[PDB]
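Quick look at structure.txt (compact mmCIF, C-alpha atoms):
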```
# COMPACT_ATOMS: atom_id res chain seq x y z
CA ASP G 1 -47.56 40.11 -15.52
CA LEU G 2 -44.00 40.08 -16.85
CA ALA G 3 -41.05 40.76 -14.57
CA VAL G 4 -37.70 39.35 -13.54
CA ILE G 5 -38.35 37.65 -10.21
CA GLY G 6 -35.17 35.79 -9.36
CA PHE G 7 -31.50 35.28 -10.11
CA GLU G 8 -28.59 33.02 -9.25
CA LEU G 9 -24.91 33.93 -9.08
CA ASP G 10 -21.77 32.05 -10.07
CA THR G 11 -20.08 33.54 -7.00
CA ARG G 12 -17.36 31.67 -5.13
CA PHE G 13 -15.29 32.26 -2.04
CA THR G 14 -11.58 33.07 -2.20
CA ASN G 15 -10.17 30.11 -0.27
CA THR G 16 -7.32 32.13 1.17
CA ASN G 17 -8.29 31.12 4.71
CA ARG G 18 -8.22 27.52 3.44
CA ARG G 19 -11.69 26.87 4.79
CA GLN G 20 -12.23 24.18 2.14
CA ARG G 21 -9.89 21.26 1.57
CA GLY G 22 -11.48 19.91 -1.59
CA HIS G 23 -10.57 16.36 -2.48
CA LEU G 24 -7.96 14.46 -0.49
CA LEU G 25 -5.03 12.35 -1.66
CA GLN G 26 -3.65 9.38 0.25
CA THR G 27 -1.01 6.86 -0.78
CA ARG G 28 -2.11 3.23 -0.73
CA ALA G 29 -0.70 -0.19 -1.67
CA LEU G 30 -2.26 -3.59 -2.39
CA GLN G 31 -0.55 -6.97 -2.05
CA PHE G 32 -1.08 -10.01 -4.26
CA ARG G 33 0.26 -13.46 -3.39
CA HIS G 34 1.07 -16.20 -5.93
CA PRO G 35 2.34 -19.50 -4.45
CA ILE G 36 3.94 -21.98 -6.83
CA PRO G 37 2.54 -25.55 -6.77
CA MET G 38 4.26 -28.81 -7.55
CA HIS G 39 2.95 -31.04 -10.32
CA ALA G 40 3.06 -34.78 -10.79
CA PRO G 41 6.39 -36.10 -12.13
CA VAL G 42 7.13 -38.26 -15.14
CA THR G 43 9.28 -41.33 -14.55
CA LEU G 44 11.53 -43.43 -16.73
CA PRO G 45 11.93 -46.92 -15.24
CA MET G 46 15.00 -48.99 -15.93
CA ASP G 47 16.41 -52.17 -14.41
CA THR G 48 19.10 -51.97 -11.75
CA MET G 49 21.26 -54.65 -13.39
CA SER Y 1 11.21 22.71 0.58
CA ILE Y 2 7.81 21.36 1.58
CA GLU Y 3 9.02 17.77 1.12
CA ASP Y 4 11.90 18.16 3.54
CA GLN Y 5 10.10 20.10 6.24
CA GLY Y 6 7.04 19.47 8.38
CA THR Y 7 4.97 20.59 11.35
CA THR Y 8 6.01 24.12 10.45
CA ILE Y 9 4.06 26.26 12.90
CA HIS Y 10 3.81 29.38 10.75
CA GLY Y 11 3.31 27.29 7.62
CA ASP Y 12 5.19 27.61 4.35
CA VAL Y 13 4.33 28.32 0.72
CA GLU Y 14 6.13 27.41 -2.47
CA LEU Y 15 4.97 28.43 -5.93
CA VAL Y 16 4.75 25.73 -8.54
CA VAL Y 17 6.65 27.34 -11.37
CA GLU Y 18 6.67 24.31 -13.65
CA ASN Y 19 4.98 22.72 -16.65
CA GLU Y 20 5.47 18.95 -16.65
CA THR Y 21 5.32 17.45 -13.16
CA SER Y 22 5.81 13.69 -12.35
CA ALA Y 23 5.16 11.95 -9.05
CA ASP Y 24 6.87 8.66 -8.30
CA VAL Y 25 5.50 7.19 -5.11
CA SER Y 26 7.00 3.69 -5.28
CA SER Y 27 9.43 4.51 -2.46
CA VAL Y 28 7.17 6.69 -0.27
CA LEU Y 29 5.39 3.99 1.73
CA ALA Y 30 7.28 2.43 4.63
CA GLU Y 31 5.15 -0.71 4.41
CA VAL Y 32 6.50 -1.43 0.92
CA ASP Y 33 10.06 -1.50 2.26
CA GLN Y 34 8.92 -3.81 5.07
CA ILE Y 35 7.29 -6.18 2.57
CA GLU Y 36 10.38 -6.19 0.34
CA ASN Y 37 12.40 -7.29 3.35
CA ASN Y 38 9.93 -10.01 4.29
CA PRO Y 39 6.27 -10.21 3.31
CA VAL Y 40 5.81 -12.28 6.47
CA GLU Y 41 7.93 -12.30 9.61
CA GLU Y 42 10.92 -14.51 8.93
CA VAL Y 43 10.86 -17.93 10.56
CA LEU Y 44 13.83 -20.30 10.74
CA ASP Y 45 13.13 -23.84 9.57
CA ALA Y 46 12.19 -26.20 12.40
CA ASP Y 47 15.04 -28.52 11.39
CA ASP Y 48 17.56 -25.74 12.04
CA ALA Y 49 15.92 -24.00 14.99
CA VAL Y 50 16.39 -27.02 17.17
```
Once more with this new file: its structure as structure tokens, please.
Amino acid sequence: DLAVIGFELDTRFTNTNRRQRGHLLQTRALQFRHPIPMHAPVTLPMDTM
Amino acid sequence: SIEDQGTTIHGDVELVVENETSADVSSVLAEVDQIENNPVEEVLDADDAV
């Protein structure tokens, strides 16, 4: 019992009717926020006289 | 020019006769321009708004 029983094709459509879109592109943006903190000062004391 | 036109009822086609293509999208988004103006709606200082 030896025979070819089945096959598969590498056939594709010609997408000239634009049935398929494929992958989509969209433009995006992200926002990052960096606030600046204060830090403790350094002091030089001197007399007022 | 596909970039300049839009909503063309009969459609349009251009052929990409080119090798090296670059796409700069930094100026495409309208939101980016809005953020550059003011990331948050501008508010006058309470000391001056009174």
*From the set G:33, G:39, G:12, G:21, which residue has the shortest atom-to-atom contact distance to chain Y, counting all atoms listed in the file?*
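So, comparing all the options, the nearest one is G:33.
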_Atom-to-atom span, atom CA of residue 29 of chain G and atom CA of residue 31 of chain Y, Å_ = 8.5 Å
*Could you list the residues in chain Y lying within 8 Å of chain G, using all atoms listed in the file, and format the result as a list in words?*
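Taking all atoms listed in the file into account, residues 25, 29 and 32 of chain Y sit within 8 Å of chain G.
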_atom CA of residue 41 of chain Y to atom CA of residue 34 of chain G, straight-line distance in Å_ =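 Rounded to one decimal, the two atoms are 17.4 Å apart.
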_Please compute the atom CA of residue 36 of chain G-atom CA of residue 26 of chain Y distance, one decimal, in Å._
25.9 Å
